[PDB]
Q: 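After the structure tokens below, expect a handful of questions from me.
The figures that follow rest on heavy atoms only: side chains count, while hydrogens, waters and symmetry mates do not. Throughout, protein chains are lettered first and strands after them, A, B, ... in sequence-line order, and every chain is numbered starting at 1.
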Amino acid sequence: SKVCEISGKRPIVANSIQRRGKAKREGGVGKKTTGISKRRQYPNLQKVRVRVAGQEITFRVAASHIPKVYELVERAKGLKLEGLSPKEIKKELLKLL
Amino acid sequence: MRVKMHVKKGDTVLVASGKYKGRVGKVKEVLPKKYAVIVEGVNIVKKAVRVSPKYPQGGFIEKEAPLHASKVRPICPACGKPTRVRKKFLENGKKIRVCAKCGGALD
Amino acid sequence: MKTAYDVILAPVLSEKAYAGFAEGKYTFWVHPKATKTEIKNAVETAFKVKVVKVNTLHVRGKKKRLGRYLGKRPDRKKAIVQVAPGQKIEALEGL
Amino acid sequence: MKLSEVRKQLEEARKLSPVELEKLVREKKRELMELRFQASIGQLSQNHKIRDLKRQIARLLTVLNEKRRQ
RNA sequence: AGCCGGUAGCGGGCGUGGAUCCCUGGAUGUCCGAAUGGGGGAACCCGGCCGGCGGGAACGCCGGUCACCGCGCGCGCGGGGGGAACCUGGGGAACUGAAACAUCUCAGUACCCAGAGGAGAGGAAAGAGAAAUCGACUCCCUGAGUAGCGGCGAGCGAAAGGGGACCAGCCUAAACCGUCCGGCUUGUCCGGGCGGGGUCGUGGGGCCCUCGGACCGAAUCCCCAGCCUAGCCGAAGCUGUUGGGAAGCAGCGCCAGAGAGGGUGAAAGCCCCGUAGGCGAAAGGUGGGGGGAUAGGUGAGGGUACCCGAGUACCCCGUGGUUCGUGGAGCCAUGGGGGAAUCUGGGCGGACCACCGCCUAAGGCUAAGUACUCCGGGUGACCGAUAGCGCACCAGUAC
RNA sequence: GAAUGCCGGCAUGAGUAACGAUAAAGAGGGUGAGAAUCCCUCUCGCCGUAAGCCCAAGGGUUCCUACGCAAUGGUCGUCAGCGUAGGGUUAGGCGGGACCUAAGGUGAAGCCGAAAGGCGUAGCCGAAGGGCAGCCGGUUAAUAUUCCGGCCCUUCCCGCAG
RNA sequence: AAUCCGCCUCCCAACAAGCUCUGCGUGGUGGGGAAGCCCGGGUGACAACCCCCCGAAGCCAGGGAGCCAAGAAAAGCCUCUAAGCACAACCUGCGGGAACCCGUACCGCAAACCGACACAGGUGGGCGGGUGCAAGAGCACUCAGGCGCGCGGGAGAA
Ligand SMILES: [Mg+2]
Ligand SMILES: [Mg+2]
Ligand SMILES: [Mg+2]
Ligand SMILES: [Mg+2]
Ligand SMILES: [Mg+2]
Ligand SMILES: [Mg+2]
Ligand SMILES: [Mg+2]
Ligand SMILES: [Mg+2]
Ligand SMILES: [Mg+2]
Ligand SMILES: [Mg+2]
Ligand SMILES: [Mg+2]
Ligand SMILES: [Mg+2]
Ligand SMILES: [Mg+2]
Ligand SMILES: [Mg+2]
Ligand SMILES: [Mg+2]
Ligand SMILES: [Mg+2]
Ligand SMILES: [Mg+2]
Ligand SMILES: [Mg+2]
Ligand SMILES: [Mg+2]
Ligand SMILES: [Mg+2]
Ligand SMILES: [Mg+2]
Ligand SMILES: [Mg+2]
Ligand SMILES: [Mg+2]
Ligand SMILES: [Mg+2]
Ligand SMILES: [Mg+2]
Ligand SMILES: [Mg+2]
Ligand SMILES: [Mg+2]
Ligand SMILES: [Mg+2]
Ligand SMILES: [Mg+2]
Ligand SMILES: [Mg+2]
Ligand SMILES: [Mg+2]
Ligand SMILES: [Mg+2]
Ligand SMILES: [Mg+2]
Ligand SMILES: [Mg+2]
Ligand SMILES: [Mg+2]
Ligand SMILES: [Mg+2]
Ligand SMILES: [Mg+2]
Ligand SMILES: [Mg+2]
Ligand SMILES: [Mg+2]
Ligand SMILES: [Mg+2]
Ligand SMILES: [Mg+2]
Ligand SMILES: [Mg+2]
Ligand SMILES: [Mg+2]
Ligand SMILES: [Mg+2]
Ligand SMILES: [Mg+2]
Ligand SMILES: [Mg+2]
Ligand SMILES: [Mg+2]
Ligand SMILES: [Mg+2]
Ligand SMILES: [Mg+2]
Ligand SMILES: [Mg+2]
Ligand SMILES: [Mg+2]
Ligand SMILES: [Mg+2]
Ligand SMILES: [Mg+2]
Ligand SMILES: [Mg+2]
Ligand SMILES: [Mg+2]
Ligand SMILES: [Mg+2]
Ligand SMILES: [Mg+2]
Ligand SMILES: [Mg+2]
Ligand SMILES: [Mg+2]
Ligand SMILES: [Mg+2]
Ligand SMILES: [Mg+2]
Ligand SMILES: [Mg+2]
Ligand SMILES: [Mg+2]
Ligand SMILES: [Mg+2]
Ligand SMILES: [Mg+2]
Ligand SMILES: [Mg+2]
Ligand SMILES: [Mg+2]
Ligand SMILES: [Mg+2]
Ligand SMILES: [Mg+2]
Ligand SMILES: [Mg+2]
Ligand SMILES: [Mg+2]
Ligand SMILES: [Mg+2]
Ligand SMILES: [Mg+2]
Ligand SMILES: [Mg+2]
Ligand SMILES: [Mg+2]
Ligand SMILES: [Mg+2]
Ligand SMILES: [Mg+2]
Ligand SMILES: [Mg+2]
Ligand SMILES: [Mg+2]
Ligand SMILES: [Mg+2]
Ligand SMILES: [Mg+2]
Ligand SMILES: [Mg+2]
Ligand SMILES: [Mg+2]
Ligand SMILES: [Mg+2]
Ligand SMILES: [Mg+2]
Ligand SMILES: [Mg+2]
Ligand SMILES: [Mg+2]
Ligand SMILES: [Mg+2]
Ligand SMILES: [Mg+2]
Ligand SMILES: [Mg+2]
Ligand SMILES: [Mg+2]
Ligand SMILES: [Mg+2]
Ligand SMILES: [Mg+2]
Ligand SMILES: [Mg+2]
Ligand SMILES: [Mg+2]
Ligand SMILES: [Mg+2]
Ligand SMILES: [Mg+2]
Ligand SMILES: [Mg+2]
Ligand SMILES: [Mg+2]
Ligand SMILES: [Mg+2]
Ligand SMILES: [Mg+2]
Ligand SMILES: [Mg+2]
Ligand SMILES: [Mg+2]
Ligand SMILES: [Mg+2]
Ligand SMILES: [Mg+2]
Ligand SMILES: [Mg+2]
Ligand SMILES: [Mg+2]
Ligand SMILES: [Mg+2]
Ligand SMILES: [Mg+2]
Ligand SMILES: [Mg+2]
Ligand SMILES: [Mg+2]
Ligand SMILES: [Mg+2]
Ligand SMILES: [Mg+2]
Ligand SMILES: [Mg+2]
Ligand SMILES: [Mg+2]
Ligand SMILES: [Mg+2]
Ligand SMILES: [Mg+2]
Ligand SMILES: [Mg+2]
Ligand SMILES: [Mg+2]
Ligand SMILES: [Mg+2]
Ligand SMILES: [Mg+2]
Ligand SMILES: [Mg+2]
Ligand SMILES: [Mg+2]
Ligand SMILES: [Mg+2]
Ligand SMILES: [Mg+2]
Ligand SMILES: [Mg+2]
Ligand SMILES: [Mg+2]
Ligand SMILES: [Mg+2]
Ligand SMILES: [Mg+2]
Ligand SMILES: [Mg+2]
Ligand SMILES: [Mg+2]
Ligand SMILES: [Mg+2]
Ligand SMILES: [Mg+2]
Ligand SMILES: [Mg+2]
Ligand SMILES: [Mg+2]
Ligand SMILES: [Mg+2]
Ligand SMILES: [Mg+2]
Ligand SMILES: [Mg+2]
Ligand SMILES: [Mg+2]
Ligand SMILES: [Mg+2]
Ligand SMILES: [Mg+2]
Ligand SMILES: [Mg+2]
Ligand SMILES: [Mg+2]
Ligand SMILES: [Mg+2]
Ligand SMILES: [Mg+2]
Ligand SMILES: [Mg+2]
Ligand SMILES: [Mg+2]
Ligand SMILES: [Mg+2]
Ligand SMILES: [Mg+2]
Ligand SMILES: [Mg+2]
Ligand SMILES: [Mg+2]
Ligand SMILES: [Mg+2]
Ligand SMILES: [Mg+2]
Ligand SMILES: [Mg+2]
Ligand SMILES: [Mg+2]
Ligand SMILES: [Mg+2]
Ligand SMILES: [Mg+2]
Ligand SMILES: [Mg+2]
Ligand SMILES: [Mg+2]
Ligand SMILES: [Mg+2]
Ligand SMILES: [Mg+2]
Ligand SMILES: [Mg+2]
Ligand SMILES: [Mg+2]
Ligand SMILES: [Mg+2]
Ligand SMILES: [Mg+2]
Ligand SMILES: [Mg+2]
Ligand SMILES: [Mg+2]
Ligand SMILES: [Mg+2]
Ligand SMILES: [Mg+2]
Ligand SMILES: [Mg+2]
Ligand SMILES: [Mg+2]
Ligand SMILES: [Mg+2]
Ligand SMILES: [Mg+2]
Ligand SMILES: [Mg+2]
Ligand SMILES: [Mg+2]
Ligand SMILES: [Mg+2]
Ligand SMILES: [Mg+2]
Ligand SMILES: [Mg+2]
Ligand SMILES: [Mg+2]
Ligand SMILES: [Mg+2]
Ligand SMILES: [Mg+2]
Ligand SMILES: [Mg+2]
Ligand SMILES: [Mg+2]
Ligand SMILES: [Mg+2]
Ligand SMILES: [Mg+2]
Ligand SMILES: [Mg+2]
Ligand SMILES: [Mg+2]
Ligand SMILES: [Mg+2]
Ligand SMILES: [Mg+2]
Ligand SMILES: [Mg+2]
Ligand SMILES: [Mg+2]
Ligand SMILES: [Mg+2]
Ligand SMILES: [Mg+2]
Ligand SMILES: [Mg+2]
Ligand SMILES: [Mg+2]
Ligand SMILES: [Mg+2]
Ligand SMILES: [Mg+2]
Ligand SMILES: [Mg+2]
Ligand SMILES: [Mg+2]
Ligand SMILES: [Mg+2]
Ligand SMILES: [Mg+2]
Ligand SMILES: [Mg+2]
Ligand SMILES: [Mg+2]
Ligand SMILES: [Mg+2]
Ligand SMILES: [Mg+2]
Ligand SMILES: [Mg+2]
Ligand SMILES: [Mg+2]
Ligand SMILES: [Mg+2]
Ligand SMILES: [Mg+2]
Ligand SMILES: [Mg+2]
Ligand SMILES: [Mg+2]
Ligand SMILES: [Mg+2]
Ligand SMILES: [Mg+2]
Ligand SMILES: [Zn+2]
């Protein structure tokens with residue numbers, strides 16, 4: 001319910017538009033709007049836990065960009081990350097974005 | 001920045017206006033913040049003084065009341081005439097007041 | 001720079017302060033932030049005595065007025081220093 | 001004090017070392033307290049001497065600060 | 001040539017050996033405050049470490065230093081908070097209007113929040129849209145209350161084009177080359193960094209052949225005019241008379257690139273301050289103008305088909321933006337799902353298809369013309385103390 | 001000329017209601033320009049689980065002394081919590097801090113949220129709770145467990161001995 | 001980790017004593033000291049300072065019993081040991097030295113606090129004497145102490 005660490009996708013505001021009536025294309029009088037109210041659309045955030053240089057790293061990422069985490073782990077083979085903290089490993093992965 | 005004073009203590013001025021118009025006299029004091037000069041023996045007033053240490057017997061003393069600086073006119077020590085004031089740069093070159101009629105210095 | 005003469009401002013001139021001279025208790029106006037330990041050093045440095053006791057008290061300024069204008073005198077601090085047996089502060093013996 | 005005396009004070013002060021300047025400040029702050037004590041018992045008619053001494057002390061501290069900024 | 005603020009007095013001092021005062025730079029600058037050693041009920045309190053003071057070890061004082069976060073190899077750089085209005089982004093009402101009311105309106109307004117700076121945004125076409133055309137963006141006029149949108153109600157309301165202001169265009173990613181570093185799955189590897197190369201729509205670039213060998217020039221830096229932060233010079237009138245006072249009246253003059261205006265005892269071109277016209281910076285600030293550097297910029301064929309920005313385009317679902325309220329609904333944006341290709345690729349011209357054209361998405365920057373008025377100045381068929389700012393006065397005070 | 005308009009001024013009601021507990025006063029002497037109202041004396045009355053004394057809040061010089069009476073005081077005023085000025089508040093042991101923790105607050109780690117922010121074990125802050133060493137008397141116009149006197153005590157530092 | 005604490009076993013001690021701590025009394029010593037009378041002070045006075053009774057809700061206290069609704073924390077303190085260190089360090093006695101910051105006036109059931117007022121209202125804790133009334137903090141009077149309430153003088157109708 002927040003922000004994708006890979007894409008930056010975040011909650012957006014969208015209207016909820018309740019409608020009545022038969023559309024004109026079906027031969028009806030037309031659609032009438034019986035209510036418009038704000039709501040939020042959330043990114044499909046999920047957890048992704050990966051091992052990187054012997055350390056466990058967790059990403060909060062939209063389902064759309066789950067493979068983008070694994071690509072980062074691949075490209076992390078050309079880095080020197082041994083002995084680093086997970087917080088420090090995570091910053092190094094995201095720098096490759 | 002500073003009050004402009006065409007006259008100073010203590011050159012000799014003609015009093016050209018007011019009840020003492022025509023009097024020539026020396027400038028005892030200049031009060032820039034009032035734009036006023038005191039001229040010897042001009043503009044005399046009768047001030048009451050209380051019986052006191054400074055004035056035993058009390059009664060009245062005589063004060064010189066200030067004159068508005070514009071009422072007064074320097075008298076040129078060279079040609080002895082009342083004059084407007086010009087400015088002249090010497091060779092230093094400091095600047096001095098000079099008589100508008102002739103050209104003598106007023107200092 | 002901080003010297004003994006920035007800590008000790010003036011003698012306290014009153015019948016209560018004078019009554020203390022006979023015992024070697026001398027009363028000064030001191031800087032309001034000045035500590036008991038530093039008044040001791042300041043008095044010893046300035047008056048060539050040995051302070052064995054220091055009492056202090058704040059003296060709040062009096063509110064005062066000149067017509068329309070209500071104000072306050074500045075706050076002050078008093079110090080009573082006890083000199084070693086036999087010693088004197090001749091500058092205050094004055095009287 | 002007089003203008004000539006001030007120039008003279010600054011010239012002499014600018015030839016003293018920091019240690020000598022501190023000892024002079026310390027002595028002038030001593031004399032300043034003396035003036036305070038005298039003023040406080042109504043025995044200092046020449047009260048201008050207080051202001052002059054406070055500004056002497058300020059000039060000395062100014063010179064002492066000159067010599068230690070380099 | 002006077003001076004020690006408003007502010008006189010007491011009591012004392014200073015200044016042509018140049019004071020007071022005005023401008024610039026510097027020094028000092030308790031405590032609180034982003035407040036940052038720690039704590040705290042802001043302006044108080046309590047510490048560590050190094051050095052100093054005291055007879056000084058206990059105690060205290062003085063100087064230095066010590067928060068947290070980000071980035072960069074414990075070190076360094078940066079951040080924090082404030083600013084009248086203006087600006088952009090993230091959120092975002094209602095009264096009211098529709099003579100009731102729900103879609104609609106008010107309005108993406110008020111307001112909250114984040115951020116920017118002297119501006120901000122935008123910006124160098126995956127544009128427009130019909131001109132066989134135009135050529136970044138911004139801003140003004142106009143197009144136009146048009147086109148359209150709309151319980152087709154109340155109402156809402158474009159763009160192109162034309163006229164103007166200003167004017168300017170650049171840097172990358174990828175192909176390919178080089179080098180350093182490290183992974184294990186050992187090399188024609190893969191990855192990460194840096195350098196070279198490369199930047200486009202008459203498509204451009206790479207690589208391989210082939211011929212051919214100085215002008216440009218910054219938005220960066222240096223210098224300098226110019227300007228700002230104090231200032232200065234500046235023409236020409238006397239007499240009489242009434243009057244407390246002349247500048248009024250009278251006589252006789254004079255100046256004017258100056259007869260704007262304000263003072264002076266009343267009504268003054270010539271008494272004072274000024275005005276016209278000129279002059280002026282050692283120091284700090286500015287410098288868009290002038291000059292100089294540096295950065296950077298630069299060929300033609302032919303072949304090769306290597307590269308040309310991905311969870312992107314694209315389609316579907318849910319919405320927003322636009323004049324567009326589901327409409328025949330495209331375009332631009334994107335929360336969910338599915339999901340390409342590298343020019344014979346792709347997006348657009350209002351469903352869709354064909355034809356004919358326009359453009360080159362998924363990286364970034366970019367002056368000027370525009371907005372505002374805390375501040376300074378100039379000017380009012382603006383107010384003149386119940387007016388004009390809430391405040392002409394010690395007011396965001398008293399209360 | 002009217003808006004129970006706005007601001008200010010000034011009337012009427014009117015020398016009227018009232019002068020704030022029905023605990024209560026009288027006289028003599030003094031001071032003074034002035035005295036029912038200030039000071040002093042005597043008599044009278046009222047409170048006395050208070051209407052007396054101590055402490056904590058809160059208030060912030062109202063305390064003490066001198067001088068004064070325009071206003072403040074429901075009258076008067078020579079008086080005063082009022083005007084002007086000078087003086088007055090003294091701690092190793094009392095209270096708080098250089099100690100502890102409570103609710104709660106804050107908050108390394110960590111969690112969450114369009115922004116602002118919301119949580120959060122430890123830790124920290126937080127008292128009228130825990131803890132901690134001073135009693136009696138004298139002195140000032142005004143402070144006193146603080147000054148002084150007598151007799152006691154606590155912590156820290158350094159040293160000696162065991 | 002522990003020699004401490006907890007648990008098991010044995011010995012002895014136990015409603016004792018012992019060790020320890022507090023209260024009260026005494027205690028070298030230092031103070032105080034009435035009425036009355038003279039002008040807050042002097043005198044009283046070389047003041048005396050003793051006996052008996054009553055007696056707390058306070059103290060010894062972390063006392064005892066009963067009951068159910070089952071009644072903070074942490075530091076000071078003591079003990080255990082770890083790194084370390086064991087010429088140190090800690091404990092005990094003594095001696096010398098050192099001991100900071102803030103509050104302290106005054107009002108405080110009220111004329112100084114909250115109520116626009118010197119307002120019959122509101123304001124938490126402690127002391128609150130004596131006699132009598134069965135008791136009491138009730139009631140009457142009264143001590144110490146504090147007051148007569150900041151308009152009065154007459155009159156004697158509704
Ligand atoms: Mg929105
Ligand atoms: Mg919906
Ligand atoms: Mg339809
Ligand atoms: Mg149809
Ligand atoms: Mg519809
Ligand atoms: Mg989840
Ligand atoms: Mg998973
Ligand atoms: Mg998706
Ligand atoms: Mg997917
Ligand atoms: Mg001049
Ligand atoms: Mg005249
Ligand atoms: Mg004449
Ligand atoms: Mg000069
Ligand atoms: Mg200093
Ligand atoms: Mg005395
Ligand atoms: Mg000291
Ligand atoms: Mg104290
Ligand atoms: Mg204090
Ligand atoms: Mg003051
Ligand atoms: Mg000077
Ligand atoms: Mg001396
Ligand atoms: Mg002054
Ligand atoms: Mg003088
Ligand atoms: Mg000069
Ligand atoms: Mg300056
Ligand atoms: Mg600070
Ligand atoms: Mg701080
Ligand atoms: Mg803090
Ligand atoms: Mg040190
Ligand atoms: Mg000493
Ligand atoms: Mg030391
Ligand atoms: Mg320090
Ligand atoms: Mg911020
Ligand atoms: Mg902020
Ligand atoms: Mg800022
Ligand atoms: Mg917005
Ligand atoms: Mg809302
Ligand atoms: Mg509505
Ligand atoms: Mg409207
Ligand atoms: Mg309206
Ligand atoms: Mg309407
Ligand atoms: Mg309506
Ligand atoms: Mg209507
Ligand atoms: Mg209605
Ligand atoms: Mg709208
Ligand atoms: Mg907005
Ligand atoms: Mg607005
Ligand atoms: Mg935001
Ligand atoms: Mg900001
Ligand atoms: Mg601009
Ligand atoms: Mg910009
Ligand atoms: Mg931009
Ligand atoms: Mg481009
Ligand atoms: Mg037309
Ligand atoms: Mg609209
Ligand atoms: Mg045009
Ligand atoms: Mg223009
Ligand atoms: Mg152009
Ligand atoms: Mg290698
Ligand atoms: Mg690679
Ligand atoms: Mg490689
Ligand atoms: Mg490489
Ligand atoms: Mg090509
Ligand atoms: Mg450039
Ligand atoms: Mg001139
Ligand atoms: Mg002229
Ligand atoms: Mg005449
Ligand atoms: Mg004339
Ligand atoms: Mg004429
Ligand atoms: Mg003109
Ligand atoms: Mg004029
Ligand atoms: Mg005029
Ligand atoms: Mg005229
Ligand atoms: Mg006229
Ligand atoms: Mg004129
Ligand atoms: Mg000009
Ligand atoms: Mg000019
Ligand atoms: Mg090229
Ligand atoms: Mg070619
Ligand atoms: Mg290819
Ligand atoms: Mg592209
Ligand atoms: Mg990408
Ligand atoms: Mg869609
Ligand atoms: Mg819409
Ligand atoms: Mg839509
Ligand atoms: Mg339609
Ligand atoms: Mg549409
Ligand atoms: Mg094509
Ligand atoms: Mg295609
Ligand atoms: Mg498209
Ligand atoms: Mg499309
Ligand atoms: Mg299309
Ligand atoms: Mg198109
Ligand atoms: Mg079409
Ligand atoms: Mg085609
Ligand atoms: Mg196009
Ligand atoms: Mg430009
Ligand atoms: Mg700009
Ligand atoms: Mg611009
Ligand atoms: Mg403007
Ligand atoms: Mg202005
Ligand atoms: Mg006017
Ligand atoms: Mg007025
Ligand atoms: Mg006004
Ligand atoms: Mg008027
Ligand atoms: Mg103003
Ligand atoms: Mg005021
Ligand atoms: Mg009418
Ligand atoms: Mg009426
Ligand atoms: Mg009325
Ligand atoms: Mg009526
Ligand atoms: Mg009215
Ligand atoms: Mg009217
Ligand atoms: Mg009115
Ligand atoms: Mg009225
Ligand atoms: Mg009346
Ligand atoms: Mg009336
Ligand atoms: Mg009557
Ligand atoms: Mg009457
Ligand atoms: Mg009547
Ligand atoms: Mg009546
Ligand atoms: Mg009444
Ligand atoms: Mg009556
Ligand atoms: Mg009444
Ligand atoms: Mg009464
Ligand atoms: Mg009497
Ligand atoms: Mg009498
Ligand atoms: Mg009276
Ligand atoms: Mg009287
Ligand atoms: Mg009475
Ligand atoms: Mg009396
Ligand atoms: Mg009783
Ligand atoms: Mg008050
Ligand atoms: Mg007062
Ligand atoms: Mg008192
Ligand atoms: Mg008083
Ligand atoms: Mg008196
Ligand atoms: Mg009075
Ligand atoms: Mg009176
Ligand atoms: Mg009177
Ligand atoms: Mg008076
Ligand atoms: Mg009154
Ligand atoms: Mg009265
Ligand atoms: Mg009253
Ligand atoms: Mg009198
Ligand atoms: Mg009073
Ligand atoms: Mg009193
Ligand atoms: Mg008073
Ligand atoms: Mg006194
Ligand atoms: Mg003591
Ligand atoms: Mg304490
Ligand atoms: Mg300490
Ligand atoms: Mg603490
Ligand atoms: Mg704590
Ligand atoms: Mg955190
Ligand atoms: Mg919190
Ligand atoms: Mg907590
Ligand atoms: Mg602590
Ligand atoms: Mg605490
Ligand atoms: Mg406590
Ligand atoms: Mg306690
Ligand atoms: Mg204590
Ligand atoms: Mg004791
Ligand atoms: Mg007292
Ligand atoms: Mg006292
Ligand atoms: Mg004592
Ligand atoms: Mg030993
Ligand atoms: Mg174990
Ligand atoms: Mg064992
Ligand atoms: Mg005892
Ligand atoms: Mg005993
Ligand atoms: Mg005795
Ligand atoms: Mg006695
Ligand atoms: Mg007596
Ligand atoms: Mg007696
Ligand atoms: Mg006898
Ligand atoms: Mg008994
Ligand atoms: Mg009981
Ligand atoms: Mg028990
Ligand atoms: Mg039960
Ligand atoms: Mg706890
Ligand atoms: Mg603790
Ligand atoms: Mg070991
Ligand atoms: Mg032992
Ligand atoms: Mg000791
Ligand atoms: Mg301290
Ligand atoms: Mg208090
Ligand atoms: Mg006290
Ligand atoms: Mg007291
Ligand atoms: Mg008292
Ligand atoms: Mg009272
Ligand atoms: Mg009392
Ligand atoms: Mg009551
Ligand atoms: Mg009470
Ligand atoms: Mg009372
Ligand atoms: Mg009162
Ligand atoms: Mg009251
Ligand atoms: Mg009363
Ligand atoms: Mg009351
Ligand atoms: Mg009560
Ligand atoms: Mg009693
Ligand atoms: Mg009986
Ligand atoms: Mg009884
Ligand atoms: Mg009874
Ligand atoms: Mg009874
Ligand atoms: Mg009783
Ligand atoms: Mg009863
Ligand atoms: Mg009773
Ligand atoms: Mg009795
Ligand atoms: Mg009595
Ligand atoms: Mg009464
Ligand atoms: Mg009464
Ligand atoms: Mg009658
Ligand atoms: Zn001449």
Q: Got a sec? Which of residues 12-24 of chain A come in under 4.0 Å of RNA chain G, heavy atoms?
A: none
Q: Spell out protein contact along nucleotides 311-317 of chain E as letters: B when the base is contacted, S when just the sugar-phosphate is, - when no protein heavy atom is under 4.0 Å; keep the 5' to 3' order.
A: BS-----
Q: Distances under 3.5 Å between protein N/O atoms and the N/O atoms of nucleotides 148-155 of chain E, please, pair by pair.
A:
residue, atom, partner, partner atom, Å
E:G151, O2', A:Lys32, NZ, 3.2

Q: Across nucleotides 393-399 of chain E, 5' to 3', mark each nucleotide with B, S or - according to how protein heavy atoms within less than 4.0 Å reach it.
A: -B-----
Q: Where along residues 35-47 of chain C does a heavy atom fall under 4.0 Å from RNA chain G?
A: C:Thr35, C:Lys36, C:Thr37
Q: Tell me, for nucleotides 17-30 of chain E in 5' to 3' order, what letter each nucleotide earns: B for a base near a protein heavy atom under 4.0 Å, S for only sugar-phosphate near one, - for neither?
A: BBS-SS----SS-S
Q: Establish whether the base of E:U103 is bridged to the side chain of A:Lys31 by a donor-acceptor pair shorter than 3.5 Å.
A: no
Q: Out of curiosity, does B:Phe60 fall in the hydrophobic cluster containing B:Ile44 (side-chain heavy atoms, cut-off under 4.5 Å, transitive links)?
A: no
Q: Is the cationic atom of D:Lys29 (NZ for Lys, CZ for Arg) positioned less than 6.0 Å from the six-membered ring centroid of C:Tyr5 and within 45 degrees of its normal?
A: no
Q: Regarding E:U319, can its base be found pairing with the side chain of A:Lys38 as donor and acceptor, where the two atoms are less than 3.5 Å apart?
A: no
Q: Can you check whether any acceptor in the base of E:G191 is under 3.5 Å from a donor in the side chain of A:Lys80, or vice versa?
A: no
Q: Are the side chains of A:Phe59 and A:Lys90 in contact, using a 4.5 Å heavy-atom criterion?
A: yes
Q: Answer with yes or no whether D:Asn47 presents, from its side chain, a donor or acceptor under 3.5 Å of a partner atom in the base of E:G11.
A: yes
Q: Please evaluate the base of F:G60 for a donor-acceptor partner in the side chain of C:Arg60 within a cut-off of under 3.5 Å?
A: yes
Q: Is D:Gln46 side chain donor-acceptor paired with the E:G12 base, going by distance under 3.5 Å alone?
A: no
